[PDB]
Amino acid sequence: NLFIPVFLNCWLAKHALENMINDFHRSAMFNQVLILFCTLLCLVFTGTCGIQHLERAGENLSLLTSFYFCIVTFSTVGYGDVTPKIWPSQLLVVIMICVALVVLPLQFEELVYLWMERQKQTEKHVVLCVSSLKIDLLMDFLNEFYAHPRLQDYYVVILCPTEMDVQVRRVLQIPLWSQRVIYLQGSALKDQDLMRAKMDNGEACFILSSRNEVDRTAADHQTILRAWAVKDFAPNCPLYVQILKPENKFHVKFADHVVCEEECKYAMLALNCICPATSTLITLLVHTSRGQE
Amino acid sequence: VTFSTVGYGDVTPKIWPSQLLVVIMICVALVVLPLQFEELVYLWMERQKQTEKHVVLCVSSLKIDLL
Amino acid sequence: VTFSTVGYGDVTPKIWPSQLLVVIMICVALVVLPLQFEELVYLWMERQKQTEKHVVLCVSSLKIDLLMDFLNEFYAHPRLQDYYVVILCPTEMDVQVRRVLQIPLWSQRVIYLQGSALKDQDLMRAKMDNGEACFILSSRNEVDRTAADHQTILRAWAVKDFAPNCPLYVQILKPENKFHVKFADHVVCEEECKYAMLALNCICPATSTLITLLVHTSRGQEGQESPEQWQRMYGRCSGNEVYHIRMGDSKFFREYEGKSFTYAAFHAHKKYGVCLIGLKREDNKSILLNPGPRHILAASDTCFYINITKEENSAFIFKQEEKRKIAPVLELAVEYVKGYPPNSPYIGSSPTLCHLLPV
Amino acid sequence: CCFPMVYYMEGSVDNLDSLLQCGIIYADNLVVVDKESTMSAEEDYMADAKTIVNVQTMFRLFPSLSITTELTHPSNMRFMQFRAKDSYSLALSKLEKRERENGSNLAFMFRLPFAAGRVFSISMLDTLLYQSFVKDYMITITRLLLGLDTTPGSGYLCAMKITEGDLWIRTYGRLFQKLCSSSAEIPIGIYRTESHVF
Ligand SMILES: COc1cc(-c2noc([C@H](C)NC(=O)c3cc(C(F)(F)F)nn3C)n2)ccn1
Ligand SMILES: COc1cc(-c2noc([C@H](C)NC(=O)c3cc(C(F)(F)F)nn3C)n2)ccn1
Ligand SMILES: COc1cc(-c2noc([C@H](C)NC(=O)c3cc(C(F)(F)F)nn3C)n2)ccn1
Ligand SMILES: [K+]
Ligand SMILES: [K+]
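Residue numbers (the entry's author numbering), protein chains in the order written: chain A, 233 to 258, 265 to 358, 369 to 541; chain B, 310 to 358, 369 to 386; chain C, 310 to 358, 369 to 644, 710 to 717, 747 to 772; chain D, 851 to 1048.
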């Protein structure tokens, strides 16, 4: 019947647990905040058992009171209702505080390290697959899409292989577009990026050509491959493809609706030569407006 | 005063379930508020990316000598 | 206890000077410690910029596809489950590579060092001297392929100079540079294999498919749930691999020692379903594909066979065989000139007897 | 210069005039090798876009022609002969997804262009190199099958057509027996053909 400090075995339990997590999941940052919580629990456990047992000689306090004292000094509160009044209980509190103040900042440093490493909804959604998203194109899409009362509940997923532009960020942290527009950095040719955007249950996929690209045939090939990949992944997803050059227009003929830029542009120019301001007529006919301008 | 981690101790629980209540409430605060703080700093990082008679200088690329 | 802002109050200054000293001491601490903290975080910001039996992968630019291919092919073997992979790449880690490497499965198995094989410091950081294998891989994405081949040759030379007793697995793009890394344990030429497989596809259809399914480790469990019979059979037969075992120790071919190679191969296929494609005599170092009927098997030969599973792992089918309890093959046996091409374009081109024009 | 019936002509696979001049009506095979500079796209899987689109154009123009292609990424072999309005080709997508769920490295294998031998990827060479860490003989065996290295007394990969007159050999094992009793040839496998009207 002699005191042997068994309560310190929670440290070994934590050591075994962290040795176990390294191999098996049971989840990247959760695994380490779990070790932080286990370290906190082990610290509180060791502290309360030490204070209670060492103050069995003086103040004759219960384990519940010791636990309450240890947690209220854990938060740096220090009520003073129950306080060690003897030599080694005070010294144990001292070393306990020092031990916590040396161990916990290491866990905090590991947590923020992992946080920095980690830094690098509803149904009826619509996916917009582009190559490089600009502010004007995004605003055009939003204005034309959300001008209809039936598509107010829809939210837009944007699959772009490039990182978000600053102006796109400024428009997307607007509260109106914050929860309606989801920006995924990925490619339609990878199936993982396709299931992240949930193409199989999507309402429509809009493949848009990059008019900014100097080489238009390369952009057309990329749009053809994106349309093919989306059709392969989600065959029952209507496609709205935008094609630059008419030669490549028969490769995406399977799509629900295909618009050729050059064909329409030059036909409208020719009609403007024939019927003046035909382009204005078509522009005002295909733009949703209440006629209040 | 126990919120600020001050702990005057002039008024202090002396019965068991009020003590357990302050214990669980401290734990709940320390587990629920850091989530709000992490959300706030996340939004702060995403956010990181006068008088009359003023004059506007519209340039394409500003250098030190020109300025 | 007042350092940690606890302030128990059991012992508290009760006089003018001690209260003043506590006040000034608190002020001094709160003014002098944040300077140390700011210095510490400054140094932390400037600072931001295992086991034995490991394998080093020396590349020029690492992509997610190449890394996944290497991981799938490497860790598909039960013997290499304890190995961890060191990646020496002179470029910084790509975002997709980061996403795959912070997966818990690959977190502690893949180590990424930003460095070059031509610097010995990066070589000892990767612990090449005790490494099990160094994989020098060519950059197929590079526009200039001769420059990439030169870089791979220099990397192989540097690794050989640093760790001579480290087997090298070099991947060469152009055949002209294939004789500079001939010292390596295993060298694969991209163009040679690619164009030979294309030519054979022109000769024997779907030869490339045969080689692709023969060099890929698979249990043969693909398409076993399919309702189509062709998919089931195709995915079952795609699990075949080329295996080698000593003929004396081979339970497949041991009973056929002293017999002809063709007889042994046919009867092994008839009994167990293994395709004995070739052998290697102990006296020579050359592997012979189908030596022929005049070849007499010996207990010291190394027989190469195609089968779903290894003979060591076919204990289940051997125990099932135990649970079971045309002429016959014999156990023993403008005209074009034929010559080698005159001007071999590069060193290492194997001379092949070909149909040739008279002039 | 010493090889008989080996000619060259300047052109490309994207212009029909060059292929018609080389002769694609009489061409048994059309081997297309991707350009070295085409792999400069930031999106890695988009490096094969030009080759895939050109081969698809030639496949649409000449449906009966046999085109063999080499692709950089194995995930793009689904695009070699793309029939968008085809139920079987899109059920193969579900089959490939199911196989990929089980951790299969050979998820691309069930695609029709790959199974028929139309497309391969050089990633198989990397797989071969990693296999040689365990199977040191694998590279030598592969080169011997391709004829890249010639050791005297070593066989070569040939192919024989099973005609209607040889169907009295009802079984592959009986064919094995006949080959080993007549010409001592060892059959590796079968290139099977089925009717799959689209
Ligand atoms: C203020 O916001 C915080 C503070 C902390 C914290 N980090 O270290 C400490 C002090 C030094 N240590 C203690 O309070 C202490 C003492 C004892 C015992 F007496 F040995 F039992 N056990 N503990 C845990 N607080 C953590 C989270 N949130
Ligand atoms: C030090 O600088 C700080 C600290 C905090 C803080 N975060 O958590 C807590 C403690 C753990 N919890 C408490 O104090 C506490 C207890 C109780 C109650 F008894 F249940 F009513 N209600 N509260 C709020 N402090 C916040 C801001 N600034
Ligand atoms: C809360 O988490 C922390 C807090 C601190 C800290 N920094 O400054 C102080 C206070 C102001 N000062 C004191 O406690 C104090 C008083 C005295 C003395 F009486 F003069 F002897 N000596 N000291 C050290 N706390 C540090 C680390 N972790
Ligand atoms: K296989
Ligand atoms: K196998």
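Positions of the beta carbon are idealized from the N, C-alpha and C atoms, including for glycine.
Span of the alpha helix (DSSP H), counted from its first residue to its last, around residue i
| i | result |
| --- | --- |
| residue 506 of chain A | Careful: residue 506 of chain A lies outside any alpha helix (DSSP H), inside the beta strand (DSSP E) at 505-508. |
| residue 290 of chain A | 268-292 |
| residue 335 of chain B | 325-356 |
| residue 261 of chain C | Residue 261 of chain C lies beyond the residue range present for chain C, which begins at 310 and ends at 772; the question has no answer from this structure. |
| residue 478 of chain A | 464-481 |
| residue 604 of chain C | Note, residue 604 of chain C: premise wrong, no alpha helix (DSSP H); not H, not E. |
| residue 828 of chain D | Beyond the ends of chain D as shown, which are 851 and 1048, falls residue 828 of chain D; an answer cannot be given. |
| residue 407 of chain C | It is not in any alpha helix (DSSP H) - residue 407 of chain C instead sits in the beta strand (DSSP E) that spans 403-408. |
beta-carbon residue i near ligand 1 non-hydrogen atom, thresh 7 Å
| i | result |
| --- | --- |
| residue 311 of chain A | yes |
| residue 285 of chain A | yes |
| residue 301 of chain A | no |
Residue i beta carbon near ligand 5 (any heavy atom closer than 7 Å)
| i | result |
| --- | --- |
| residue 596 of chain C | no |
| residue 627 of chain C | yes |
| residue 554 of chain C | no |
| residue 826 of chain C | Residue 826 of chain C lies beyond the stretch modelled for chain C, which goes from 310 to 772, so this question has no answer here. |
Host beta strand (DSSP E) of residue i (start-end)
| i | result |
| --- | --- |
| residue 768 of chain C | 767-769 |
| residue 432 of chain A | 429-433 |
| residue 752 of chain C | 750-752 |
| residue 918 of chain D | 916-921 |
| residue 971 of chain D | 969-971 |
| residue 373 of chain A | 373-377 |
| residue 454 of chain A | 453-455 |
| residue 626 of chain C | 621-626 |
| residue 879 of chain D | 879-882 |
Proximal residues of chain A, C-beta to C-beta of residue i below 8 Å
| i | result |
| --- | --- |
| residue 385 of chain B | Under the 8 Å cutoff, chain A gives no residues; its nearest Cβ is about 24 Å from residue 385 of chain B. |
| residue 459 of chain C | Going along chain A, no residue has its Cβ under 8 Å from residue 459 of chain C, so there is no contact; the nearest lies around 18 Å. |
| residue 417 of chain C | 355, 358 |
Straight-line gap, residue i to residue j (C-alpha atoms, nearest Å)
| i | j | result |
| --- | --- | --- |
| residue 438 of chain A | residue 895 of chain D | 8 Å |
| residue 331 of chain B | residue 275 of chain A | 19 Å |
| residue 538 of chain C | residue 271 of chain A | 39 Å |
| residue 380 of chain A | residue 410 of chain A | 6 Å |
| residue 544 of chain C | residue 952 of chain D | 12 Å |
| residue 237 of chain A | residue 400 of chain C | 40 Å |
| residue 310 of chain B | residue 335 of chain B | 13 Å |
| residue 461 of chain C | residue 510 of chain C | 15 Å |
| residue 838 of chain D | residue 526 of chain C | Only positions 851 to 1048 of chain D appear in this structure, which leaves residue 838 of chain D out of reach. |
| residue 607 of chain C | residue 1021 of chain D | 28 Å |
Under 7 Å from the C-beta of residue i: neighbouring residues of chain B
| i | result |
| --- | --- |
| residue 314 of chain C | 314 |
| residue 558 of chain C | What residue 558 of chain C touches in chain B: nothing, since even the nearest Cβ is about 48 Å away. |
Per-residue contacts from residue i into chain A (C-beta, under 7 Å)
| i | result |
| --- | --- |
| residue 328 of chain B | 306 |
| residue 414 of chain C | 358 |
| residue 339 of chain B | 313 |
Residue i beta carbon near ligand 2 (any heavy atom closer than 7 Å)
| i | result |
| --- | --- |
| residue 314 of chain B | yes |
| residue 334 of chain A | no |
| residue 452 of chain C | no |
Contact set between residue i and chain D, taken where Cβ atoms lie within less than 8 Å
| i | result |
| --- | --- |
| residue 502 of chain A | 934, 935 |
Listed by chain order, chain G residues near residue i by CB distance under 7 Å
| i | result |
| --- | --- |
| residue 325 of chain B | Looking for chain G here will not work: the only protein chains present are A, B, C and D. |
beta-carbon residue i near ligand 4 non-hydrogen atom, thresh 7 Å
| i | result |
| --- | --- |
| residue 348 of chain B | no |
| residue 954 of chain D | no |
| residue 560 of chain C | yes |
| residue 533 of chain C | yes |
| residue 579 of chain C | no |
Residue i: CB within 7 Å of a non-hydrogen atom of ligand 3
| i | result |
| --- | --- |
| residue 436 of chain A | no |
| residue 395 of chain A | no |
Residue i beta carbon near ligand 6 (any heavy atom closer than 7 Å)
| i | result |
| --- | --- |
| residue 406 of chain A | As for ligand 6, it is missing from this structure, which binds only ligand 1, ligand 2, ligand 3, ligand 4 and ligand 5. |
Within chain A, partners of residue i - CB distance below 9 Å
| i | result |
| --- | --- |
| residue 892 of chain D | 409, 410 |
| residue 928 of chain D | 476, 477, 480 |
Neighbouring residues, chain B, relative to residue i (Cβ below 8 Å)
| i | result |
| --- | --- |
| residue 309 of chain A | 332, 335, 336 |
Amino acids of chain C, ordered along the chain, whose beta-carbon sits closer than 7 Å to that of residue i
| i | result |
| --- | --- |
| residue 257 of chain A | 423 |
Worksheet item: What are the start and end residues of each continuous alpha helix (DSSP H) run of 4 or more residues lying completely inside the stretch 512-584 of chain C, in chain order?
Response: 526-533, 548-556
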